[PDB]
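Data block below; observations after.
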Amino acid sequence: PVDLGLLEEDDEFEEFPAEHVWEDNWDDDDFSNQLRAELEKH
Amino acid sequence: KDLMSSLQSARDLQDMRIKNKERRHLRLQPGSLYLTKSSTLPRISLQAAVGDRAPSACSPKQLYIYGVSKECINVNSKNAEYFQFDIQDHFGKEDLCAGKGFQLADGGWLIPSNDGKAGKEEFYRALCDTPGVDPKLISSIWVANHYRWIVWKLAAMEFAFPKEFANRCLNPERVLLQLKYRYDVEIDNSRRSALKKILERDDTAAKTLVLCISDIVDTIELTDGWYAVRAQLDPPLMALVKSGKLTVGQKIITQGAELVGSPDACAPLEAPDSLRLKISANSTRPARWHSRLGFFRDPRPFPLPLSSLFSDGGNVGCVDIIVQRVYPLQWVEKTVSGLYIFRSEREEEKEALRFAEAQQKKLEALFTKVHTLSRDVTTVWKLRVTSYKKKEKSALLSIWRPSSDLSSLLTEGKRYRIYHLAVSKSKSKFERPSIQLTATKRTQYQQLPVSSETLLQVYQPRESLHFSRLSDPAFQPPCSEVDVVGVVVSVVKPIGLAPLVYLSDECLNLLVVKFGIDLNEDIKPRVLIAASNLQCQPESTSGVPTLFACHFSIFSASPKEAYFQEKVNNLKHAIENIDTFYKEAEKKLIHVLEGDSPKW
DNA sequence: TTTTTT
């Protein structure tokens, strides 16, 4: 099943950056459900 | 469980290696993780690792089956530094019957602390004793932070993402693992996280950044995955956090933020309270659920549409627009008392001179004494812009201290990415609810191309109104401005100011132009005239429609702008045709003006 | 730093 160490953590960063993404209108799918936060809701 | 007997029997044995090994230079051995990742082994994206699927446990999903673990669930960003695993729930009775405890991968020993708990402390030591680990370069807090983060992450993982994850992450081994990971990075090779890298005035400050909100009302906490500072929020962000449209654990991405507090070479996270990360609404926004905290690949400002934007929410790092209409200059005076005075050119020439004549009167008198102070006026250029592809309330962008050539650079009907513009409220009888685009020293402009057809969709060049339309109540044109051509039939200019000028077209339709300024002159009846930028207005002379003449207004008796001619020389026709026009005109006015059947 | 009319 799914490895758990080759998985690119949403945080393992690269030295310097060189080695859509934002929701247009503020108030108004991949944006609505934040993982880390789904936690506080439960 | 076990017995306190065979406990200090590795605790007081542990400290041994601490000392004895700290009495030398160690052998830094890369941990598990670090090496794995470093390998040639194919890697996975949470994205893919979940099948382009995003979180489905909305306030408790009914299927705890998968692997519950009420020993995590009750974890939240705040209680992640606490925690402590229960050496009894995740084990059984295995290597716990002896006097060793638990050796959790990579090497090193964890001392399943007394009461049956293993948390913060333990692992710190259980780290110090781990191969290649030199507890001489670390603290029990530095590991209090990293503990926290990691935990939190994991916890989640299970939650929202179970059909792929479970208690496969809450394994102090797994845990102690990254814990080690961190070491090999932040230390071994010394690659500083975003924050840590910036809170150390070492890498370009708050430019692009994706962070996750860690804590909460005065202000809130943001983390890059490694450390967390407190952000300084502006009015509308507040109004979000307040409304709950932004909650801990959500990821945002900001732009050109700024570092308030300690303008000194600040130590890695763990400083005062004076520092803060100031982030402005119009510079930050919601990020996609994965997104990878830290800095960000392309730093070059992300464009937004005007459609959003708050008056109160700082500069728009950038907008891509089309310049609907460009305008005539302006001169502005800060009267000693504060007040501002807008002036047309051939209108701040008059006053311009008025001063001169009196300035003059001053010296005349200064020396009729020795012998026998200035004006705060500045220039401004305003133009009407719109977010590129789409519909919006148009925006009024104003460049102060304009510039010789620039008049001929930003034009009407062209496309521009304007980088760095301050945003403010509208305040202008003529546009009340909207926002203001104001260029700064920072600002810069880019002209991008546009397709003839994408053009004709967004834009709307200028065109000389038909007259007819003005009677109709269905004429709700753009923001209310219009341009026109007609011949002057009469100039009523009563003292109790605000002159009117009636013009008529070739079909004898009239309109009056209430003047908010002084009559450009040349404005005698029988004259061909071309007004530009007239405001619209309800009505006036019982019957005939009105148009107001602005500081931004324009008139000419000899127009060059092409959009007029089709109606100008169209007008020239009746004009030149006869004279009995300049006369049919009166008839009408007088007629209109006096009504169908007055006391004849 | 941003304003007007019978």
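Residue names in the structure tokens use chain letters A, B, ... in the order shown, residue numbers from 1 in each chain, and ligand numbers from 1 in the order shown.
Counting only C-alpha atoms (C1' of nucleotides), residue 22 of chain A has the following residues at most 10 Å away, ignoring those fewer than 6 positions along the same chain: residues 31 of chain A; 210, 251, 252, 253, 254, 284, 285, 286, 287, 288, 291 and 302 of chain B.
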Export, as a PDB file, in the first residue's frame, the selected residues with C-alpha atoms.
```
ATOM      1  CA  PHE A  31      -9.961  25.386  -1.045  1.00  0.00           C
TER       2      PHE A  31
ATOM      3  CA  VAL B 210       2.120  29.935   1.760  1.00  0.00           C
ATOM      4  CA  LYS B 251      -3.549  27.546   4.390  1.00  0.00           C
ATOM      5  CA  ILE B 252      -3.156  31.048   3.062  1.00  0.00           C
ATOM      6  CA  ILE B 253      -0.655  32.495   0.614  1.00  0.00           C
ATOM      7  CA  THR B 254       0.434  36.107   0.932  1.00  0.00           C
ATOM      8  CA  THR B 284      -2.967  37.357   0.511  1.00  0.00           C
ATOM      9  CA  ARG B 285      -5.541  34.671  -0.270  1.00  0.00           C
ATOM     10  CA  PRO B 286      -6.879  31.152   0.413  1.00  0.00           C
ATOM     11  CA  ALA B 287      -4.618  28.410  -0.883  1.00  0.00           C
ATOM     12  CA  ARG B 288      -5.468  24.959  -2.244  1.00  0.00           C
ATOM     13  CA  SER B 291       0.089  23.595  -1.620  1.00  0.00           C
ATOM     14  CA  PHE B 302      -0.088  37.415  -8.684  1.00  0.00           C
TER      15      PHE B 302
END
```
Please identify which residues in segment 85-264 of chain B DSSP calls helix (DSSP H, G or I) from the backbone, and express them as a ChimeraX atom specification.
/B:120-128,142-158,172-189,194-198,235-243
Taking only C-alpha atoms into account, find every residue of chain B that has an atom no more than 6 Å from chain A, and write it out as a short mmCIF file (atom, residue, chain, number, x, y, z; two decimals) with N, CA, C and O atoms, in the first residue's frame.
```cif
data_model
loop_
_atom_site.label_atom_id
_atom_site.label_comp_id
_atom_site.auth_asym_id
_atom_site.auth_seq_id
_atom_site.Cartn_x
_atom_site.Cartn_y
_atom_site.Cartn_z
N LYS B 37 14.31 9.70 1.30
CA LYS B 37 14.03 10.81 0.41
C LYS B 37 15.19 11.09 -0.57
O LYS B 37 14.96 11.32 -1.77
N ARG B 43 8.81 9.17 -5.95
CA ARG B 43 8.09 9.84 -4.86
C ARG B 43 6.62 10.17 -5.14
O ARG B 43 6.19 10.20 -6.31
N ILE B 44 5.87 10.43 -4.06
CA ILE B 44 4.43 10.70 -4.15
C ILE B 44 3.88 12.05 -3.67
O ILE B 44 4.34 12.62 -2.67
N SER B 45 2.86 12.53 -4.37
CA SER B 45 2.19 13.79 -4.07
C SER B 45 0.89 13.54 -3.33
O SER B 45 0.05 12.77 -3.81
N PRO B 55 -10.14 15.90 1.40
CA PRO B 55 -10.75 15.71 2.72
C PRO B 55 -12.27 15.52 2.80
O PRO B 55 -13.02 16.42 2.42
N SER B 59 -16.87 17.46 10.07
CA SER B 59 -17.37 17.55 11.45
C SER B 59 -17.76 16.18 12.03
O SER B 59 -18.78 16.05 12.72
N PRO B 60 -16.93 15.17 11.74
CA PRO B 60 -17.11 13.77 12.19
C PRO B 60 -17.81 12.84 11.16
O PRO B 60 -19.04 12.83 11.07
N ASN B 76 -5.43 19.08 18.71
CA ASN B 76 -5.72 20.28 17.95
C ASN B 76 -4.46 21.12 18.03
O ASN B 76 -3.77 21.10 19.04
N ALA B 156 -4.07 14.61 11.83
CA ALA B 156 -4.89 14.98 10.71
C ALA B 156 -4.91 13.82 9.76
O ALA B 156 -5.88 13.09 9.67
N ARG B 191 19.58 24.20 6.15
CA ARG B 191 18.68 24.75 5.13
C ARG B 191 17.53 25.27 5.99
O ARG B 191 16.73 24.49 6.50
N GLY B 225 5.55 25.45 8.80
CA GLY B 225 5.73 24.04 9.03
C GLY B 225 6.82 23.79 10.04
O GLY B 225 6.89 22.75 10.67
N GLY B 249 -5.37 25.94 10.82
CA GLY B 249 -5.10 24.79 9.99
C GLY B 249 -5.38 25.08 8.53
O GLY B 249 -5.05 24.24 7.69
N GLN B 250 -5.99 26.23 8.22
CA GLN B 250 -6.26 26.59 6.82
C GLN B 250 -4.99 27.20 6.26
O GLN B 250 -4.20 27.83 6.99
N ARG B 285 -4.31 35.36 0.07
CA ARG B 285 -5.54 34.67 -0.27
C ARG B 285 -5.51 33.19 0.06
O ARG B 285 -4.44 32.61 0.31
N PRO B 286 -6.69 32.56 0.13
CA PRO B 286 -6.88 31.15 0.41
C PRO B 286 -6.08 30.36 -0.56
O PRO B 286 -6.06 30.69 -1.75
N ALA B 287 -5.42 29.31 -0.06
CA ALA B 287 -4.62 28.41 -0.88
C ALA B 287 -5.28 27.02 -1.02
O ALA B 287 -6.15 26.64 -0.23
N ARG B 288 -4.89 26.27 -2.04
CA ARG B 288 -5.47 24.96 -2.24
C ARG B 288 -4.98 24.08 -1.09
O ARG B 288 -3.86 24.26 -0.63
N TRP B 289 -5.83 23.13 -0.64
CA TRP B 289 -5.52 22.25 0.51
C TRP B 289 -4.12 21.68 0.66
O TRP B 289 -3.62 21.65 1.78
N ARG B 292 1.87 22.85 -0.12
CA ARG B 292 3.24 22.99 0.37
C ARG B 292 3.65 24.33 0.98
O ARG B 292 4.09 25.22 0.28
N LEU B 293 3.54 24.42 2.29
CA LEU B 293 3.94 25.60 3.02
C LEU B 293 5.34 26.00 2.60
O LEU B 293 6.04 25.24 1.93
N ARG B 297 7.29 28.90 -5.65
CA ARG B 297 8.06 28.90 -6.89
C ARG B 297 8.20 30.16 -7.74
O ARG B 297 9.33 30.54 -8.06
N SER B 308 -12.79 42.10 -6.56
CA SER B 308 -12.59 41.86 -5.14
C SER B 308 -12.02 43.15 -4.60
O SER B 308 -12.51 44.23 -4.93
#
```
I'd like the neighbourhood of segment 166-169 of chain B as an mmCIF file with C-alpha atoms, in the first residue's frame, where a residue qualifies if any of its atoms comes within 10 Å (using only C-alpha atoms (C1' of nucleotides)), though same-chain residues fewer than 2 positions away should be ignored.
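Final output, saved to part-v6.cif:
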```cif
data_model
loop_
_atom_site.group_PDB
_atom_site.id
_atom_site.type_symbol
_atom_site.label_atom_id
_atom_site.label_comp_id
_atom_site.auth_asym_id
_atom_site.auth_seq_id
_atom_site.Cartn_x
_atom_site.Cartn_y
_atom_site.Cartn_z
ATOM 1 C CA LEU A 4 4.735 6.894 3.972
ATOM 2 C CA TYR B 66 -10.678 2.241 9.760
ATOM 3 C CA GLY B 67 -8.631 2.898 12.902
ATOM 4 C CA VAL B 68 -10.199 5.558 15.190
ATOM 5 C CA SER B 69 -7.677 6.259 17.997
ATOM 6 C CA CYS B 72 -5.173 11.569 18.743
ATOM 7 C CA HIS B 90 0.264 0.963 21.195
ATOM 8 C CA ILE B 150 4.724 16.774 13.376
ATOM 9 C CA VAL B 151 2.114 15.350 15.730
ATOM 10 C CA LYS B 153 0.171 16.933 10.827
ATOM 11 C CA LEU B 154 -0.026 13.177 11.424
ATOM 12 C CA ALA B 155 -3.113 13.303 13.564
ATOM 13 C CA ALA B 156 -4.895 14.984 10.711
ATOM 14 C CA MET B 157 -3.581 12.614 8.071
ATOM 15 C CA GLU B 158 -5.652 9.798 9.585
ATOM 16 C CA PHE B 159 -8.578 12.139 9.753
ATOM 17 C CA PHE B 161 -7.517 10.828 4.786
ATOM 18 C CA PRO B 162 -8.200 7.351 6.342
ATOM 19 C CA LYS B 163 -8.974 5.045 3.386
ATOM 20 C CA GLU B 164 -5.258 5.615 2.888
ATOM 21 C CA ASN B 171 4.110 5.488 15.881
ATOM 22 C CA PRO B 172 6.754 7.244 18.054
ATOM 23 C CA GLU B 173 9.162 5.484 15.729
ATOM 24 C CA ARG B 174 7.647 7.177 12.703
ATOM 25 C CA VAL B 175 7.503 10.228 14.880
#
```
Could you name the residues that touch residue 530 of chain B at 8 Å or less, counting only C-alpha atoms (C1' of nucleotides), but leaving out those on the same chain fewer than 5 positions away, as an MDAnalysis selection string?
chainID B and resid 483:486 554:559 564
Could you pull the residues within 7 Å of segment 320-331 of chain B, counting only C-alpha atoms (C1' of nucleotides), minus those fewer than 5 positions along the same chain, as a count of residues only?
29
Output the contact residues of chain B with respect to chain C at a cut-off of 9 Å, based on only C-alpha atoms (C1' of nucleotides), as a count of residues only.
25
Backbone DSSP call of strand (DSSP E) for segment 246-327 of chain B, listed as a list in words
residues 251, 252, 253, 254, 258, 259, 260, 276, 277, 278, 279, 284, 285, 286, 316, 317, 318, 319, 320, 321, 322, 323, 324, 325 and 326 of chain B
Atom CA of residue 220 of chain B sits from atom CA of residue 232 of chain B at a separation of 7.3 Å
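In this model, the gap between atom CA of residue 79 of chain B and atom CA of residue 1 of chain B comes to 24.3 Å.
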